[PDB]
Amino acid sequence: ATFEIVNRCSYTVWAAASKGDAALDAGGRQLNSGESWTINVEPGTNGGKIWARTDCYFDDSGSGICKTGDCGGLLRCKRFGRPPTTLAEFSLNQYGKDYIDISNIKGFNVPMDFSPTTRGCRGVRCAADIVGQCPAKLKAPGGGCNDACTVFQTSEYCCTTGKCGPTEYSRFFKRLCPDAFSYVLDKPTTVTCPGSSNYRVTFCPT
């Protein structure tokens, strides 16, 4: 499957792609304002994620640090990123279909649109100014808007017991972005697409 990652932000972002225990394609790359990077994700990839990283610094070996979404200090991510990170999530070729969604469960750092470039389904988007409107207690000093689990580490926010309900904090993310997961047990906003669809992830779509 092909995923065209486009940075429409006025600032540079370092795209990242991983399935948790391995990188997807090269795993990461710098995307200056306006640049597009197309990656190939193997069919059947389950639990894949694409996200943007901001304010990064990498040496010649590809090692460094990012203020948001840092993945073990690597340019080419092999693991998931450090919150806050707006997440484009997907599982491909799952019994004949693809499943995609955007999640704020791990916070929000950069606005994003995640849409198919092929026929059969609609896209999802979370482009509201979540960082600007972020509740004071969730603001990340390093940049972005943290999710409540990251900040408070409670069973309720992290849904540790598999039993949790919406909260003042999750409702904030849901109000600004109704089409993205605001907490673990949020009413699903997952989109079903034809198996083997292709996609485009656009940072700062509006």
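Values in this text are rule-based calculations from the coordinates and carry no lab data. Cβ: placed from backbone, ideal geometry, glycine included. Neighbour counts: every protein chain shown.
Antiparallel versus total DSSP beta bridges in the chain: what percent is that, nearest 5? Percentage antiparallel, nearest 5: 90. Our coupling estimate for segment 83-94, obtained by passing each phi through the Karplus curve with A = 6.51, B = -1.76, C = 1.60 and θ = phi - 60°, is x, x, 8, 6, 10, 9, 10, 7, 9, 9, 6, 9 Hz, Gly and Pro reported as x. Taking 7 Å steps out from each Cα toward its Cβ at residue 32 and residue 190 produces label points 4.0 nm apart.
Backbone geometry of segment 39-50 corresponds, through the Karplus equation with coefficients 6.51, -1.76 and 1.60 at θ = phi - 60°, to 3J(HN,Hα) couplings of 10, 10, 10, 4, x, x, 4, 10, x, x, 9, 10 Hz, x marking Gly and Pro. Taking every alpha-carbon pair in the chain and binning the separations at 5 Å intervals from zero gives 1, 8, 17, 20, 21, 17, 11, 4, 1, 0 percent. For segment 136-142, the Karplus equation 6.51 cos²θ - 1.76 cosθ + 1.60, evaluated at θ = phi - 60°, returns couplings of 3, 5, 9, 4, 8, x, x Hz by residue, with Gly and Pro reported as x.
By the rule of a C-alpha distance below 22 Å, with chain neighbours fewer than 8 residues away ignored, the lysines paired with residue 49 are 19, 67, 78, 97, 106, 174, 187.
When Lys and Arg each count +1 and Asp and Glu each count -1, what net charge do the other residues less than 10 Å away from residue 76, Cβ to Cβ, add up to?
+1
Every helix of 4 or more DSSP H residues in the chain counts as -39500 (n - 2.57), and over all residues that averages to -2000 deg cm²/dmol at 222 nm. Placing unit charges on the Cβ atoms only, positive for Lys and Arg and negative for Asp and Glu, gives segment 1-68 a dipole magnitude near 240 debye about its Cα centre.
Annotation for segment 5-105: chymotrypsin sites (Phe, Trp or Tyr not before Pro) lying in DSSP loop with at most 14 further Cβ atoms inside 10 Å of their Cβ are 11, 95.
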